[PDB]
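First, one chain by itself: the form deposited in one PDB entry, in structure tokens.
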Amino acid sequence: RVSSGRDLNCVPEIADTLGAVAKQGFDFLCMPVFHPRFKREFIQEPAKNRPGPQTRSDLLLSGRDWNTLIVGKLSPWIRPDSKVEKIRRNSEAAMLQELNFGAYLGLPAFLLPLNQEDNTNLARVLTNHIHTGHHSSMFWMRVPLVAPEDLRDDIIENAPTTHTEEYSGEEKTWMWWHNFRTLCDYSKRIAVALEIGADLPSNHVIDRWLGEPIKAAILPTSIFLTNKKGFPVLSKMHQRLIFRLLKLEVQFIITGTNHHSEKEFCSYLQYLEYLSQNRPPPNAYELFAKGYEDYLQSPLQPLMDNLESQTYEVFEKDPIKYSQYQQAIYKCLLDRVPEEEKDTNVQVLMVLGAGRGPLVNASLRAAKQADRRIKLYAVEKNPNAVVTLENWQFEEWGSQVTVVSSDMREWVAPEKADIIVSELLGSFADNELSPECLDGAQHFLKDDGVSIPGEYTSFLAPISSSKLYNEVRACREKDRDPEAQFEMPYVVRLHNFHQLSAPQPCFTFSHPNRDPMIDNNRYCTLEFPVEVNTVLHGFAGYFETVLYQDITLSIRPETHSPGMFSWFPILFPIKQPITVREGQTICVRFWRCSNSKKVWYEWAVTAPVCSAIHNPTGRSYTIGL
């Protein structure tokens, strides 16, 4: 259900306090590691020689407790960006001291505020801590949705509050975060503790945070309403934001005193549990896609590589998908053989890339449904899968099915085909080289023959995710180009991201391809109107295919085939994030390129700014032919 912490700025006894917050049901405690009011002097006599101890003992908890139950807090007097030099020097020294104590204790996380625009020296000091030994602990930057200056009551007669709307001004808190994390060079150890107020901002202000690395949400007791029975509760709007944050699986922190003193603080926590248990339940896909959120994978290349047994197993575990294939073949058989010719007319059905036979079985269930007659060739280049096939045909299919162990481009077919059926599509449609494979096979399709699928189309959409940017960046490897990670696609269950524009079609292929001169190379220019301020990190890819007439398959969200957990989207990264202002257009260029040896994609952003061309001559990424 919900992982929740208590935030305190007062800890008389750490043992008792920890006991109390545990009894209330809290998983962890955020607290000061030094007394919040204990300002320390590092430079000036005599306060510099203040006798210790400088704080309480590490002996007061077990190493396990320090490691698991405690998030440290930076002392509030520490101001490294103070304009007073002495305060800056003392604050630099105190910050290191406190961060060094946290690391001494093995704290899993440490809270630091972004409570103003200029945190340059704060970033410099934190970066120095991070580059002083390699460690795991997280820094939670406590940032408000709404800056406190923009939250203040309008009660200053000669300093009225500007109720006039300022789009970019209302997003100023995001820019505080952006600048800090850019200065700290996207450390994976630096995340957001997003602090929520009584007055939520405009949706655009909340949307600014969509693909950002939010580890915690801070809920003050102040923002909770009172139900008839006097229990703390939240406005519907706060509730909808909570449901968004539960999708991001953040940790919730309760801060402030009990303002519902007719009840214990577990009432605040129980309300959250109430909301979590009552969240609109997920979808089977969301259950299928449960462990894979933002997990980067290599796109499968089933041409160049022989897929493993368990890979085919997952392909096969989508009954909806093969119902569609069955339906397309069913429909196609009836169009091709009138009832008068049913018993006289036997169609030659060739499955090209038959794997372990799910399309063979679908083809057979189809022919019985249509009550029409079919001879099957099951062509498969993977000799490992041919074992599965040949056992199937010996035991069950019989001589109706001829297993062909061969590349469909090399195979000399004993006769021409009525219908070729194939499953040769990646998350970007043509990224497994369906076009080249089926082009190679089409000489043995009858002049009036049908390919299932007849057509497929790739789609792209610009996305924001500072999280996925950082995950890609982390895929640097020895013995190659230190930026190759950025010049290759990843299959991924995109989760913590923002789509910046509706998907647009990229590349389309048709089968059979009657072009007198056939060219599978492509160059496509796309213009994505963007209505938000944001940062571009890459392009989500999806596909749609027409099996036959109106029977389609899609992972494009607007037209997604229902139940088809088969296929996560693909991601094309860019090396340098690109600022996009509300109203600006993102222009991207995609090329599909080829040799006799390899096919590859190249891509460049040309608006509002130019990127480098990614993957020139397939130097970082190719698909083997």
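Just count from 1 along the sequence shown to find any residue number. Just so we're on the same page, rigid core means the largest C-alpha set that superposes within 1.5 Å between forms.
### Query
Which has the higher mean CA temperature factor in the PDB entry, 485-493 or 527-535?
That would be 527-535.
### Message
Highest mean C-alpha temperature factor of the two stretches 615-623 and 2-10, which is it?
### Response
Here the higher of the two C-alpha B-factor means belongs to 2-10.
### Task
Would you mind finding, among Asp430, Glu423, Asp371, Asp81, the residue with the largest C-alpha temperature factor in the entry?
Going by the entry's C-alpha B-factors, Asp371 comes out highest.
### Query
Whose CA atom has the top B-factor in the entry, of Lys381, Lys446, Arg522, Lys215?
Across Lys381, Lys446, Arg522, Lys215, the entry lists the biggest C-alpha B-factor for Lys446.
### Query
If you rank every modelled residue in this chain by C-alpha B factor, which third holds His35: lowest, middle or highest?
Within its chain, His35 is a lowest-third residue by C-alpha B-factor, going by the deposited values.
### Chain thirds of CA B-factor: placement of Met141
Its C-alpha B-factor, which the entry lists for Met141, ranks in the lowest third among residues of this chain.
### Query
C-alpha B factor of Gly583, ranked within the chain: lowest, middle or highest third?
Middle third of the chain for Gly583's C-alpha B-factor.
### Query
With respect to C-alpha B-factor, does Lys598 fall in the lowest, middle or highest third of the chain as deposited?
Its C-alpha B-factor, which the entry lists for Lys598, ranks in the middle third among residues of this chain.
### Query
Which third of the chain holds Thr17 when residues are ordered by C-alpha B factor: lowest, middle or highest?
For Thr17, whose C-alpha B-factor we compare with every modelled residue in the chain, the answer is the middle third.
The following text describes the form deposited in another entry, which does not appear among the structures shown.
### Task
Determine, with the core as the superposition reference, the one member of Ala216, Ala429, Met141, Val360 that shifts its CA by 2 Å or more between the shown form and the other one.
Meeting the 2 Å or more criterion is only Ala429.
### Message
If the two forms are fitted on the core, does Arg244 show a Cα displacement reaching 2 angstroms between the shown form and the other one?
### Response
Result for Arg244: no, shift under 2 Å.
#### Entry: Large Cα move at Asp407 between the shown form and the other one, threshold 2 Å, rigid core
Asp407 C-alpha, core-superposed: shift of 2 Å or more.
### Task
Based on a C-alpha change of 3 angstroms or more, tell me if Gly353 and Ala429 lie closer or farther in the other form than in the shown form.
Relative to this form, closer in the other form.
#### Entry: Cα-Cα shift for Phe428 and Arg208, closer or farther in the other form, minimum 3 Å
The answer is farther, because the C-alphas of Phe428 and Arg208 separate from each other in the other form by 3 Å or more.
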